[PDB]
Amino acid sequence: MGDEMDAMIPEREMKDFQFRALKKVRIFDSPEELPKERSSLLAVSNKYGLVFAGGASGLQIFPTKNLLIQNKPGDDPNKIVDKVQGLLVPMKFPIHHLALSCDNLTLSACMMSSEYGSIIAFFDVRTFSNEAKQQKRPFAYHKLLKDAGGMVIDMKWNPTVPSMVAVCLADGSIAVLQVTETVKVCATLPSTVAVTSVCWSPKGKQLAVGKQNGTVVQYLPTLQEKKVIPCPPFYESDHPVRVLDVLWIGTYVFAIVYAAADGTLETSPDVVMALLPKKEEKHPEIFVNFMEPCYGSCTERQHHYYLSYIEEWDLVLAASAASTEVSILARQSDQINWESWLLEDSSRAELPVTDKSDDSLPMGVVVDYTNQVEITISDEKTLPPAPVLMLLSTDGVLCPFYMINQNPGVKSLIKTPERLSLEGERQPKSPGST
């Protein structure tokens, strides 16, 4: 009956936005068991047009364009083509997280070793392009010194400071690292702080950290507290929630996802938009609950929401480890409120079922802005090149989707890949000799 008018979720049928699937590409062999831990196994260099994927075989690196195969009118969208031979970099231990620095020159790869614990390898992107080096070795490593509590659950490089990266571990601790020729720990917070997620402010001046107690705290890169965002009022003490993921969209605007504090997986995380007041407005914090925009069918995997803000379209793309679908929350014309877009059935982005009848779910999500291929859907219509949403599934398959935004005014976001000079390539500090 809809009813209450206050528990209502702002939603809009959106006909001017479409996800258009490209051919699915198998990157890794189907796993023996469904991956369950939090992971982020896809990274993209939009400066240089490269995609980095982590999996059983190790690290795979590809010229982004090589992974995108447009579906011709009629083609069977259920088909999967196999790997487009890229650069395979074997790793001694399984990777659970990959991320790239803002200058796209440093790639971090988090692994778990039974012997050594959780370790982060740092690669210089130039090494991958240096044909003079057959073996691609990291130039530095950072040991986290822990086991299960050492799994990296959230790690993000500062958007404006090339050497700065924030790391959150399963045990609740967080560390801010500086990576130049070597790795240096700038600041840390003990596990007692109970951090669950992190996100840098738009210009990288502050770091927001989500916490087990449901709050989001704004810190300086030195980890000096600056502001506290309260757990939303609609969350009672009888059912505590912890922050699962956070996206700092604008100075006073955040997308915050909350999940059951106990770590239960049957309860669906709530995606909430938070609008904070300027120490001027006298209005209280505004929290709008969007609940589950990505329907969570899976109850086996650790929750994760992969969130991305596309400033030029003023919208947030959302994917969830428990869902086969990608959803969009867009800011409305009043530039204050947000709305969930409901797309036409043929315009949705959904992951495929495996040849074993199981749904595939996201393990990594990135957006490519370097695509220069026009979209041909008919001999009468050809759309200009569009950005491509790319999801790496639990089945080892890359599922790309063109994002066609026909809403008024939205300009281009496409650019061509830059050329990467090998000058400045970092060398490992402790190489020795055989």
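All residue numbers refer to positions in the sequence shown, first residue = 1.
Compared with other entries of the same protein, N337 falls outside the group left without coordinates by a third of them; all model it where both flanks are modelled. Coordinates for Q134 are absent from at least a third of the other compared entries of this protein that model residues on both sides of it.
Higher mean CA B-factor, judged across 315-323 and 177-185 from the recorded values: 177-185. Mean C-alpha B-factor is higher over 408-416 than over the other stretch, the pair under comparison being 408-416 and 13-21. Within the selection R331, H283, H303, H97, the deposited Cα B-factor values reach their highest point at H283. The entry assigns its greatest Cα B factor, within the set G210, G74, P162, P293, to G74. Placement of the Cα temperature factor of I249 within the chain: lowest third of the modelled residues, per the deposited record. In the deposited entry, the Cα temperature factor of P31 sits in the top third of values across the chain's modelled residues. Among the modelled residues of its chain, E37 has a C-alpha B-factor that falls in the middle third according to the deposited record. Sort the chain's modelled residues by C-alpha temperature factor and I375 lands in the highest third, per the entry. In the deposited entry, the Cα temperature factor of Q218 sits in the middle third of values across the chain's modelled residues.
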